[PDB]
Structures are given as C-alpha cells and as structure tokens.
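Worksheet for the structure shown next.
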Amino acid sequence: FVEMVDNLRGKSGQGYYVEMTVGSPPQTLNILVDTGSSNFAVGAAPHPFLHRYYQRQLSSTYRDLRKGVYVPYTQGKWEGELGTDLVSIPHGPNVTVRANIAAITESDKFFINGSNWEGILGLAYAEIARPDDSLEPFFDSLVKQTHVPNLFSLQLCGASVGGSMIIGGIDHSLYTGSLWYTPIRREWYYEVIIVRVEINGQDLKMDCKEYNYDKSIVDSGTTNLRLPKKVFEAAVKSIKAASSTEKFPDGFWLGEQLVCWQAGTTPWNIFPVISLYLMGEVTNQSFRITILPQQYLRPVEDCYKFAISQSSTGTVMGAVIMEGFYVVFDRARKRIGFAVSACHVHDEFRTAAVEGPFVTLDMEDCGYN
Ligand SMILES: CN(C(=O)CCc1cc2ccccc2nc1N)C1CCCCC1
C-alpha cells in the first residue's frame with residue numbers, strides 16, 4: 001500500500017485532507033477527510049479563502065441533477081447545486097468513478113481562512129446524507145463501481161499534520177500489536193457504544209447509558225474528545241482531582257481560556273490517562289483504548305488547549321482519540337477496529353494502548369433508544 005501511505009496533510013486544528021481530482025480533464029482539489037458526514041461537497045465559486053475551486057464549465061463529464069442542497073449546522077451553513085462527475089484519488093486506488101458532487105455556491109463559516117482545502121468528503125452513511133438517503137455517498141459509489149473492497153482505515157499522526165488514508169485495505173506497517181473491533185451500532189454515522197470510562201485506572205462509575213447519550217461516534221472532522229454533558233463534568237471532576245498537584249481556572253476546563261507553561265519543560269505526569277471501553281465483537285466481551293495527556297492537551301501555535309470538551313450531540317471521538325490509533329472502518333463487516341498507531345507521540349513512561357479482552361455485562365444496555 002505505499003502509494004497511499006502519507007497521503008494526508010493538514011494544519012493544526014484545520015482538519016485532514018487528501019488530494020482528489022474531479023471531472024475531465026481532471027481538476028485537482030484538496031478535500032477534507034470527514035467520517036462525521038456523508039456528502040461529497042466542494043467549492044465551485046471563487047470564495048476569497050479558496051486556493052482553487054471546481055469549475056464545472058470545464059468538464060465534459062459533468063451532469064446537472066437540477067436539484068439544490070441546503071446544509072445548516074450549529075454555527076454555519078453550506079449550500080450548493082447537485083450534479084455528477086468523474087472522481088479520482090491520485091495517491092489511492094487506481095480507479096475513476098462517477099460520484100454525486102455538491103457544487104458549493106454559498107456558505108457561512110464553512111471555509112477556514114488560512115486552510116488549504118476546498119471541499120469535504122463525507123465518508124459516513126446514506127442515512128445522514130443531505131438532502132436525503134437517495135443521494136449516494138462517495139464511498140458507496142466507489143465499492144459499487146469497482147472491485148475496491150468495502151473498507152478504509154485512517155492513521156492521523158498530527159504546524160503541518162500528516163497521515164494516511166488506506167482506501168481498500170489495511171497496511172500493517174502503520175500499527176503495532178493487534179486490531180480490536182467494536183461493532184458499528186447503526187449505519188448512519190460511525191456509531192459505537194462506550195461501555196466504561198476510567199481515568200487513571202479508576203472507573204468513573206456512571207450508568208453506562210450516559211456515555212452514549214444520545215450518540216457516540218467516530219469523527220475525523222472533529223478535533224476534540226467531546227463528551228456528553230453529565231459525563232463531561234464527571235470526567236472533568238475526576239481529571240480535575242487527579243491533577244490536584246496544581247490549580248487552573250474554571251474557564252480553562254470549560255474551553256474558554258488557554259493554559260500556559262514554560263517552553264523549558266513539559267510536565268505531563270500530573271495528568272491522568274483516559275481509558276475508554278468499547279463493546280467487543282462477542283457477547284459480554286469488551287476492550288479498552290487508552291490515551292495519554294499528549295493526546296488531550298494540544299499546543300496552540302507555551303499554552304495548550306484542554307482538548308476534551310462538552311457536547312449536546314453525544315460523544316465524538318475526534319482527532320484527540322484518533323491520533324492515538326490506527327482506525328479501521330470495516331464497513332463490509334459493520335465494525336470499527338482500533339490498534340495502537342505506529343506514528344503516535346509517546347514519552348518513555350506511559351503509552352497509548354489497545355487492550356482486551358475484558359468482561360462487561362449488559363453492554364447492549366449502554367446504547368440509547
Ligand atoms: C464543525 N465541524 C466539525 O467537524 C464538527 C462536526 C462536523 C460537522 C459538519 C457540518 C457540516 C458538514 C460536515 C460536518 N462534519 C463534521 N464532522 C467541521 C465542519 C466541516 C469542516 C470542518 C469543521
């Protein structure tokens with residue numbers, strides 16, 4: 001798989017993008033890899049923050065579907081025109097496909113001033129595809145129209161960030177130890193169930209249904225470990241406690257202040273490891289993934305951001321979790337797999353782990369209905 005190794009680039013906080021081409025002749029764009037959504041959507045107008053944008057008038061293989069899409073979200077929108085064209089991924093499988101494409105023609109707080117990407121790649125399922133599930137997501141089209149296997153994996157290494165998106169298989173050189181799989185609970189987002197949370201090998205001891213209220217998902221497009229509300233303060237409370245070897249203001253933990261140290265020495269030890277238990281492949285079986293403080297204390301370009309934060313929408317295992325591990329989205333088998341990443345950052349004392357099996361009863365009761 002070397003061709004696809006290291007095919008991802010980005011900037012701290014600005015996401016991961018892969019190079020893609022659209023239309024005939026090919027028009028190259030940097031597209032952001034997002035497992036949190038299901039639309040393939042790209043800039044078509046000369047927005048001032050865009051380096052490049054899709055010029056449909058140049059493409060003989062462009063086809064208007066004569067329909068629009070409106071995608072509002074919490075603090076922003078994008079809006080555009082549906083059509084189809086031929087899509088290819090240079091540092092990826094050697095194929096070319098006809099995919100749905102949303103020509104973005106108006107947006108608000110969508111493009112990042114500074115960033116170097118011009119569209120988004122929705123890697124999740126039809127159910128959450130805008131405007132409706134009849135709009136076949138890109139990856140569905142790829143597997144349907146070639147012999148590329150129904151799976152992809154992501155190794156986010158994290159100014160310049162890099163990684164790999166291995167379309168069609170798994171590159172063993174990218175991870176150590178063993179993959180452990182958690183089932184994709186439903187095919188809309190990459191929904192999974194967390195069955196237990198420790199902070200310093202010490203159970204948070206909360207009703208496990210809290211952890212997946214209303215949703216726990218895996219999302220390359222989100223930066224933070226975002227936790228649900230109750231869970232969040234409970235973790236904070238425990239994190240706050242394990243970190244009593246020093247004080248910080250309330251606004252910090254709340255993601256309203258930065259927190260400053262001296263570029264002489266990185267402390268680290270006074271911060272707790274976080275363990276998440278995820279439902280295993282078998283009845284009553286689970287496994288745990290373990291992040292270090294390097295994963296959740298993120299330098300801003302010497303003050304870091306506490307990269308765990310609260311949420312209304314559920315749990316979101318963002319880059320914080322994902323850069324710890326090789327993540328395999330085994331869509332063929334309705335499961336997500338986790339292994340200790342080969343490129344993740346680690347000191348000499350502690351390390352990110354994927355360990356099992358453990359015994360965990362009533363795991364299905366941790367889901368929400
Ligand atoms: C707020 N953002 C998040 O990723 C949070 C969760 C998320 C929201 C989305 C909203 C609309 C379309 C796709 C989305 N994908 C996501 N993963 C991003 C918006 C898209 C580009 C990067 C910043």
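Starting from 1 in every chain, residues are counted up; chains themselves are A, B, ... following the order of the structure tokens, and ligands are numbered from 1 as listed.
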
Find the spatial neighbours of residue 4 of chain A, counting only C-alpha atoms, within a cut-off of 7 Å - ignore same-chain residues fewer than 3 positions away - and output them as a JSON list (two decimals) with C-alpha atoms, in the first residue's frame.
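Everything below was put into part_38.json:
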```json
[["chain", "number", "residue", "atom", "x", "y", "z"],
["A", 1, "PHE", "CA", 0.00, 0.00, 0.00],
["A", 7, "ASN", "CA", -1.46, 10.79, 1.51],
["A", 91, "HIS", "CA", -2.49, 8.72, -4.04],
["A", 92, "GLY", "CA", -5.13, 5.98, -3.71],
["A", 164, "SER", "CA", -2.63, 8.03, 5.71],
["A", 165, "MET", "CA", -5.98, 7.04, 4.38],
["A", 166, "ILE", "CA", -5.73, 3.48, 3.09]]
```

- Task: Write out as a ChimeraX atom specification all residues of segment 223-351 of chain A that DSSP puts in strand (DSSP E or B) for this structure's backbone.
- Result: /A:225-228,259-260,274-279,285-291,297-299,303-306,308-311,315-317,325-330,335-341

Could the residues in this selection be written to a file with N, CA and C atoms, as a compact mmCIF listing (two decimals), in the first residue's frame?
```txt
# COMPACT_ATOMS: atom_id res chain seq x y z
N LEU A 225 -11.94 15.31 21.85
CA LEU A 225 -12.80 14.36 22.51
C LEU A 225 -13.90 15.24 23.06
N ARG A 226 -15.08 15.15 22.47
CA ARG A 226 -16.24 15.81 23.01
C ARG A 226 -17.05 14.77 23.78
N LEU A 227 -17.39 15.07 25.04
CA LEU A 227 -18.19 14.15 25.89
C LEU A 227 -19.60 14.63 26.14
N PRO A 228 -20.52 13.72 26.51
CA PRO A 228 -21.80 14.33 26.83
C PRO A 228 -21.73 15.08 28.14
N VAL A 259 -4.01 27.66 28.70
CA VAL A 259 -3.25 27.45 29.93
C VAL A 259 -1.75 27.33 29.68
N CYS A 260 -0.99 28.22 30.31
CA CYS A 260 0.40 28.48 29.92
C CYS A 260 1.48 27.81 30.80
N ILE A 274 -6.67 8.48 30.08
CA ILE A 274 -8.10 8.22 29.92
C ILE A 274 -8.28 6.91 29.17
N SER A 275 -9.13 6.06 29.71
CA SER A 275 -9.42 4.80 29.07
C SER A 275 -10.87 4.77 28.67
N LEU A 276 -11.12 4.39 27.43
CA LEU A 276 -12.48 4.11 27.01
C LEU A 276 -12.66 2.63 26.73
N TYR A 277 -13.68 2.03 27.32
CA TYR A 277 -14.05 0.67 26.97
C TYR A 277 -15.11 0.71 25.90
N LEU A 278 -14.89 -0.07 24.84
CA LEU A 278 -15.86 -0.17 23.77
C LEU A 278 -16.34 -1.61 23.69
N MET A 279 -17.63 -1.75 23.40
CA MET A 279 -18.27 -3.04 23.18
C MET A 279 -17.43 -3.88 22.26
N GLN A 285 -18.06 -9.36 26.11
CA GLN A 285 -16.65 -9.06 25.89
C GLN A 285 -16.44 -7.59 25.51
N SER A 286 -15.46 -6.92 26.13
CA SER A 286 -15.06 -5.60 25.66
C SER A 286 -13.55 -5.46 25.60
N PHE A 287 -13.10 -4.29 25.16
CA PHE A 287 -11.69 -3.94 25.11
C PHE A 287 -11.56 -2.46 25.42
N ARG A 288 -10.37 -2.01 25.75
CA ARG A 288 -10.21 -0.61 26.11
C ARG A 288 -9.13 0.05 25.29
N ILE A 289 -9.41 1.29 24.92
CA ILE A 289 -8.39 2.10 24.30
C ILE A 289 -7.96 3.20 25.28
N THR A 290 -6.68 3.53 25.25
CA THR A 290 -6.10 4.34 26.29
C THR A 290 -5.31 5.50 25.69
N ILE A 291 -5.71 6.72 25.99
CA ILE A 291 -4.97 7.88 25.50
C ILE A 291 -4.13 8.51 26.62
N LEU A 297 -4.13 17.33 25.74
CA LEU A 297 -3.53 18.66 25.88
C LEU A 297 -2.82 19.04 24.57
N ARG A 298 -3.44 19.95 23.82
CA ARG A 298 -2.94 20.28 22.48
C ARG A 298 -2.32 21.67 22.44
N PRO A 299 -1.04 21.76 22.02
CA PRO A 299 -0.41 23.09 21.89
C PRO A 299 -1.16 23.96 20.87
N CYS A 303 1.22 27.65 25.80
CA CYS A 303 -0.13 27.40 26.31
C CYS A 303 -0.89 26.37 25.47
N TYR A 304 -1.41 25.34 26.12
CA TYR A 304 -2.13 24.26 25.44
C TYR A 304 -3.63 24.43 25.56
N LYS A 305 -4.35 23.76 24.68
CA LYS A 305 -5.78 23.62 24.87
C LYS A 305 -6.08 22.26 25.51
N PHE A 306 -6.94 22.27 26.51
CA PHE A 306 -7.52 21.05 27.04
C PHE A 306 -8.53 20.63 26.00
N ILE A 308 -10.48 18.16 25.62
CA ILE A 308 -11.72 17.46 25.91
C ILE A 308 -12.69 18.56 26.19
N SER A 309 -13.95 18.39 25.79
CA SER A 309 -14.93 19.46 25.85
C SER A 309 -16.31 18.83 25.88
N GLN A 310 -17.34 19.61 26.19
CA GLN A 310 -18.68 19.02 26.35
C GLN A 310 -19.45 18.95 25.04
N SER A 311 -20.67 18.39 25.08
CA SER A 311 -21.49 18.29 23.88
C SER A 311 -22.97 18.04 24.12
N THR A 315 -21.25 11.64 22.24
CA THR A 315 -19.80 11.52 22.25
C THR A 315 -19.26 11.60 20.84
N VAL A 316 -18.15 12.30 20.71
CA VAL A 316 -17.46 12.40 19.45
C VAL A 316 -15.99 12.11 19.70
N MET A 317 -15.55 10.98 19.18
CA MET A 317 -14.16 10.60 19.30
C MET A 317 -13.44 11.26 18.15
N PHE A 325 -4.28 6.06 17.43
CA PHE A 325 -4.57 4.73 16.94
C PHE A 325 -4.80 4.64 15.42
N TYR A 326 -4.53 3.46 14.88
CA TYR A 326 -4.90 3.13 13.53
C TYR A 326 -6.38 2.75 13.58
N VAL A 327 -7.22 3.42 12.78
CA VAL A 327 -8.63 3.18 12.91
C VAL A 327 -9.12 2.55 11.64
N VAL A 328 -9.78 1.40 11.74
CA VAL A 328 -10.24 0.71 10.57
C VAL A 328 -11.74 0.71 10.55
N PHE A 329 -12.26 1.23 9.45
CA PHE A 329 -13.68 1.35 9.23
C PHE A 329 -13.99 0.20 8.31
N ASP A 330 -14.34 -0.93 8.93
CA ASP A 330 -14.58 -2.19 8.23
C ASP A 330 -16.07 -2.26 7.93
N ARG A 335 -18.08 -2.94 11.44
CA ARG A 335 -17.28 -2.82 12.66
C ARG A 335 -16.15 -1.84 12.49
N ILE A 336 -15.74 -1.27 13.61
CA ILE A 336 -14.64 -0.35 13.63
C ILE A 336 -13.57 -0.98 14.48
N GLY A 337 -12.34 -0.92 13.99
CA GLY A 337 -11.22 -1.52 14.69
C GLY A 337 -10.14 -0.52 15.09
N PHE A 338 -9.49 -0.80 16.21
CA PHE A 338 -8.54 0.12 16.82
C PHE A 338 -7.27 -0.63 17.12
N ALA A 339 -6.15 -0.03 16.70
CA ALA A 339 -4.85 -0.51 17.07
C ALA A 339 -3.98 0.68 17.46
N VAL A 340 -3.00 0.41 18.31
CA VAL A 340 -2.02 1.39 18.69
C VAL A 340 -1.31 1.88 17.42
N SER A 341 -1.36 3.18 17.15
CA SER A 341 -0.74 3.72 15.94
C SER A 341 0.79 3.62 15.94
```

Spatial neighbours of segment 204-213 of chain A, max dist 7 Å, only C-alpha atoms, sep filter under 6 positions, as a PyMOL selection string:
chain A and resi 193-198+228+231+314-315+365-368

Let's have the selection written as a PDB file, in the first residue's frame, with N, CA and C atoms.
```pdb
ATOM      1  N   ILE A 193     -20.721   1.962  20.865  1.00  0.00           N
ATOM      2  CA  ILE A 193     -21.109   2.082  22.257  1.00  0.00           C
ATOM      3  C   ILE A 193     -19.884   2.025  23.147  1.00  0.00           C
ATOM      4  N   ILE A 194     -19.701   3.035  23.982  1.00  0.00           N
ATOM      5  CA  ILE A 194     -18.729   3.021  25.067  1.00  0.00           C
ATOM      6  C   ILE A 194     -19.358   2.378  26.294  1.00  0.00           C
ATOM      7  N   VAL A 195     -18.700   1.389  26.873  1.00  0.00           N
ATOM      8  CA  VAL A 195     -19.303   0.662  27.981  1.00  0.00           C
ATOM      9  C   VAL A 195     -18.699   1.002  29.333  1.00  0.00           C
ATOM     10  N   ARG A 196     -17.659   1.813  29.354  1.00  0.00           N
ATOM     11  CA  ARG A 196     -16.969   2.078  30.595  1.00  0.00           C
ATOM     12  C   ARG A 196     -15.881   3.101  30.362  1.00  0.00           C
ATOM     13  N   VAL A 197     -15.732   4.013  31.329  1.00  0.00           N
ATOM     14  CA  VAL A 197     -14.706   5.058  31.284  1.00  0.00           C
ATOM     15  C   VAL A 197     -13.877   5.067  32.569  1.00  0.00           C
ATOM     16  N   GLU A 198     -12.573   4.947  32.407  1.00  0.00           N
ATOM     17  CA  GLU A 198     -11.669   5.081  33.528  1.00  0.00           C
ATOM     18  C   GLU A 198     -10.859   6.333  33.329  1.00  0.00           C
ATOM     19  N   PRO A 228     -20.515  13.722  26.508  1.00  0.00           N
ATOM     20  CA  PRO A 228     -21.803  14.331  26.829  1.00  0.00           C
ATOM     21  C   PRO A 228     -21.729  15.081  28.143  1.00  0.00           C
ATOM     22  N   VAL A 231     -21.454  13.253  31.867  1.00  0.00           N
ATOM     23  CA  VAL A 231     -20.169  12.588  31.662  1.00  0.00           C
ATOM     24  C   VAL A 231     -19.011  13.574  31.691  1.00  0.00           C
ATOM     25  N   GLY A 314     -23.567  14.221  21.589  1.00  0.00           N
ATOM     26  CA  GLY A 314     -23.262  12.932  22.198  1.00  0.00           C
ATOM     27  C   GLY A 314     -21.790  12.823  22.449  1.00  0.00           C
ATOM     28  N   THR A 315     -21.246  11.636  22.242  1.00  0.00           N
ATOM     29  CA  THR A 315     -19.798  11.518  22.255  1.00  0.00           C
ATOM     30  C   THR A 315     -19.265  11.596  20.841  1.00  0.00           C
ATOM     31  N   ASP A 365     -27.197  -2.555  26.937  1.00  0.00           N
ATOM     32  CA  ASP A 365     -27.958  -1.605  27.737  1.00  0.00           C
ATOM     33  C   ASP A 365     -27.272  -0.259  27.872  1.00  0.00           C
ATOM     34  N   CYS A 366     -26.120  -0.102  27.226  1.00  0.00           N
ATOM     35  CA  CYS A 366     -25.400   1.171  27.254  1.00  0.00           C
ATOM     36  C   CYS A 366     -25.775   2.039  26.071  1.00  0.00           C
ATOM     37  N   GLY A 367     -26.450   1.436  25.097  1.00  0.00           N
ATOM     38  CA  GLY A 367     -26.989   2.156  23.955  1.00  0.00           C
ATOM     39  C   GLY A 367     -28.213   2.980  24.331  1.00  0.00           C
ATOM     40  N   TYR A 368     -28.547   3.959  23.492  1.00  0.00           N
ATOM     41  CA  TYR A 368     -29.730   4.769  23.695  1.00  0.00           C
ATOM     42  C   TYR A 368     -30.832   4.397  22.700  1.00  0.00           C
TER      43      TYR A 368
END
```

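Between ligand 1 and the residues A:95, A:184, A:217, A:50, the shortest atom-to-atom distance, using only C-alpha atoms and all ligand atoms, involves A:217.
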
Do you know which residues are within 7 Å of ligand 1 using only C-alpha atoms and all ligand atoms? Can you write them as a PyMOL selection string?
chain A and resi 15+34-37+71+73+110+120+219-222

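When only C-alpha atoms are used to compute distances to residue 187 of chain A, the closest of the residues A:242, A:301, A:333, A:109 turns out to be A:333.
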
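Ranking A:106, A:136, A:6, A:127 by their shortest atom-to-atom distance to residue 84 of chain A, with only C-alpha atoms included, puts A:136 first.
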
Taking only residues of segment 136-215 of chain A that have an atom at most 9 Å from an atom of segment 343-349 of chain A, what is each one's shortest atom pair and its distance in Å to one decimal, using only C-alpha atoms, in chain and number order, as a Markdown table?
```
| residue | atom | partner | partner_atom | distance |
| --- | --- | --- | --- | --- |
| A:155 | CA | A:343 | CA | 8.0 |
| A:156 | CA | A:343 | CA | 8.2 |
| A:157 | CA | A:343 | CA | 5.8 |
| A:158 | CA | A:344 | CA | 8.1 |
| A:163 | CA | A:343 | CA | 8.7 |
| A:174 | CA | A:343 | CA | 7.4 |
| A:175 | CA | A:343 | CA | 7.9 |
```

Exercise. DSSP on the backbone: what in segment 300-341 of chain A comes out alpha helix (DSSP H), as a list in words?
Worked result: residues 319, 320, 321 and 322 of chain A
